[PDB]
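What follows is a single chain, given as structure tokens, in the form deposited in one PDB entry.
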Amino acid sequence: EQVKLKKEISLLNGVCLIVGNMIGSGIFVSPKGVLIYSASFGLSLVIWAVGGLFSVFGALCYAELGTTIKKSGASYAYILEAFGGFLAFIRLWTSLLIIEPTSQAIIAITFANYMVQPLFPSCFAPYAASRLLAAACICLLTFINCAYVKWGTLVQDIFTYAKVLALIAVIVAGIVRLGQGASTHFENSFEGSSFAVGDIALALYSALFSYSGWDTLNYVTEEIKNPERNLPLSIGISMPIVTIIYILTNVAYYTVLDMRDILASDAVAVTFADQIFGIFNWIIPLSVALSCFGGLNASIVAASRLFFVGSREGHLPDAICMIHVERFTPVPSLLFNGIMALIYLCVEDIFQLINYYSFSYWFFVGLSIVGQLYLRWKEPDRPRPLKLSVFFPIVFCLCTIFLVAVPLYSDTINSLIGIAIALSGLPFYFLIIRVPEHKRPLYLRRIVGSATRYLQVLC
């Protein structure tokens, strides 16, 4: 009965946090980032499959890591127990300022856009709506996750079911248009491609960037029923599902659209629909909005638990490690994440904020893998229920080196401002965190007063 974040995330709610968070407005809108560089369908599908394989290697690394550690945080519990503190600190701080607020605000804006879109198919949706609809979405998901976490897993479940239904719809349309005929785009000179170290590297980067989120279940891993089984099994059931969904929906696309109008189109699914569904060409913008809703709910669960864990370790203020008394949901962490996402709804060029945290994000996943190897070396006696091999940590450490080098020479000043964000986090750690609580002024008294006032949100 004691205040503890009860588990209540089954295997199904495990597969829905990963699949949900993963397939979101990635293959729905301009997924041709792997087609611009691999200028052919055959090479495009080969690079989809290869990026999927390498994301599977990363997800198996994280299954082993999350069954080894059994602490939520998913990049912050694996840097904190392998390395120490400071690096974990600037992983919560990068996720606190730039990574999680921006990603949630962008998913909210992209949900608003494609909710409104069937009304404004050619005209661009206004900036007044498509930001107020985004704030309504963020606030609704924060409230749904703040009331009952079973509600939050339910929302995630429903909208992941919607995602998979819509993508099965487009995949079925593609297979139909392939069986009846219409196989000109496919299997005929399929690979008049652009084999080149630059182009192949950038297409692999775009694919491996498109399967992100495989580490979403690891954020909520103190709340899984028997994590030892349900975390690796849910990851290993989610990753082939999402890889298959990706390569099949791209097959469909290529079968219907063409190399020309599949580029130079804003949201290629909303092009595919216009070519096939006809009068029901609004279903696909509706499904992009639903998939963005599922992805936003998963981002909110994961970010709320990242900040909760971060404050439980002493990094974020105590007020953020607090459960609700009767509902058992991290109310102050969720309010904080919602505050941050809504603040980042006021920014105009947020899709420009993407790239800083892009480099930093893959850096931190890499540092977590490096920490897994550090633990394999230093403590080869910790109970690891699922210990696969070293081959997967090694290959995905290499793939992380690649995914970190690509945005460091392509656009370097942005990644430098990302490192600047982490450096800006540094002073709080070297001046507030590392203080042993008995050197701070009556700022402590203010902090405790505020923490009590916010304790008056659980009662």
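Definition used throughout: the rigid core is the maximal C-alpha set that superposes within 1.5 Å between two forms. Residues that one form lacks are left out of the comparison. Each residue number is its position in the shown sequence, starting from 1.
The same protein also exists as the form deposited in another entry; that form is not shown, yet it is the one meant from here on.
*asked:* Which residue of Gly179, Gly192, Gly198, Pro121 is the mover here, meaning its C-alpha shifts by 2 Å or more between this form and the one not shown once both are aligned on the rigid core?
replied: The answer here is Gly192.
Would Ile447 count as moving between this form and the one not shown, using a Cα shift of 2 angstroms or more after superposing the core as the test?
Yes, because once the rigid core is superposed, the C-alpha of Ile447 moves 2 Å or more between this form and the one not shown.
*What happens to the Cα distance from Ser189 to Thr243 in that other deposited form: does it get closer or farther than here, with a change of 3 angstroms or more?*
Relative to this form, closer in that other deposited form.
Query raised in the report: Out of closer and farther, which fits the Cα atoms of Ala196 and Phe190 in that other deposited form compared with this form, where the change is 3 Å or more?
Result: Those two alpha carbons end up closer in that other deposited form.
* After superposition on the rigid core, which segments of 3 or more consecutive residues show C-alpha displacements of 2 Å or more between this form and the one not shown? -> After superposing the rigid core, the shifted stretches between this form and the one not shown are 187-192, 442-459.
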